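Next up: a single chain in structure tokens, the form deposited in one PDB entry.
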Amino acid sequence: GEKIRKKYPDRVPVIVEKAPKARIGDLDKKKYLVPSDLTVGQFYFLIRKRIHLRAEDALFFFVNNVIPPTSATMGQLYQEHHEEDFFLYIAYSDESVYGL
């Protein structure tokens, strides 16, 4: 990570975690290296299989307490959900109840 920065200072070291008591597939790693130009549609792909989900499972990414559509890019999120002073933080869950 620290070394991946000096060499790839233009990339985006995103972090991964689950909501409180989440219930999605297992996880092999919690840190993806994606370029800032990638769109939310591309990232949703590299995690999909990482969440052991497919067909029509349920899932929703929450970043910095937000849930924007796939009309954005991780690179732009860098300045938004950087969370820690080095990498960014993104978690996900399998719930979607209907607010009242």
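Numbers for residues come from their place in the sequence shown, where the first is 1.
As for the form solved in complex with a partner chain, it is not shown, yet the points below apply to it.
Heavy atoms of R11 reach within 4.5 Å of its partner chain in the deposited complex, making it an interface residue.
By the criterion of a heavy atom within 4.5 Å, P35 is counted among the residues contacting its partner chain in the deposited complex. Although the partner is absent here, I15 lies within 4.5 Å of its partner chain in the deposited complex, judged by heavy atoms.
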